[PDB]
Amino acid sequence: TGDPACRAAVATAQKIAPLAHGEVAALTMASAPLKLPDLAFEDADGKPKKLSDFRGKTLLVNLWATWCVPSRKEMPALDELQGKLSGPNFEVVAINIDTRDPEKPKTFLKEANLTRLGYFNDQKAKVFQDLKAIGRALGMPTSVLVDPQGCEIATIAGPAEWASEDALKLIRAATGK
């Protein structure tokens, strides 16, 4: 039984579906209403964060890890996607789930000059557990495009060229308000 508040997110998925080709071809559009679990994580300053703190904006939620090469390969594109579309209506929420050497992922972003993504993390990797339980963490990386209501619009298991024009078009269409 799909949460009725997420039926509007279902509607968006059907509109932008023709934009799910090329670089963003591996996106599986939501066909049923799905409210995401309120992922609990931290920001760069150690303050507790939840997915519901980002209510009101369309989000791209990514889970990445240092041991997952393609997850760390796509961090520039996500960073380029941020700042290009971030604003009152959109954010990329990239969450690191390294459980060991917490300094390693932090160093990755600094040494690669990726400063637009902040540093959200869950060293418990429970955010991974959260997506796995609802069939939205089939691999790493995993990324979910989430609406202002915390409802699923789409999901992709694996990396993508997020800074490409194919990627940009679907997000721009998905975005509102």
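One-based numbering along the sequence shown.
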Stretch with higher mean Cα temperature factor, 47-55 vs 26-34, is 26-34
On mean Cα temperature factor in this entry, is 59-67 or 126-134 the higher one? 126-134
Could you say which of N121, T115, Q149, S143 has its CA atom at the highest B factor, as listed in the PDB entry? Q149
Give the position of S86 by CA B-factor within its chain, expressed as the lowest, middle or highest third. lowest
Within this chain's modelled residues, let me know which third the CA B factor of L19 belongs to: lowest, middle or highest. highest
How does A160 rank on Cα B-factor within its chain, lowest, middle or highest third? lowest
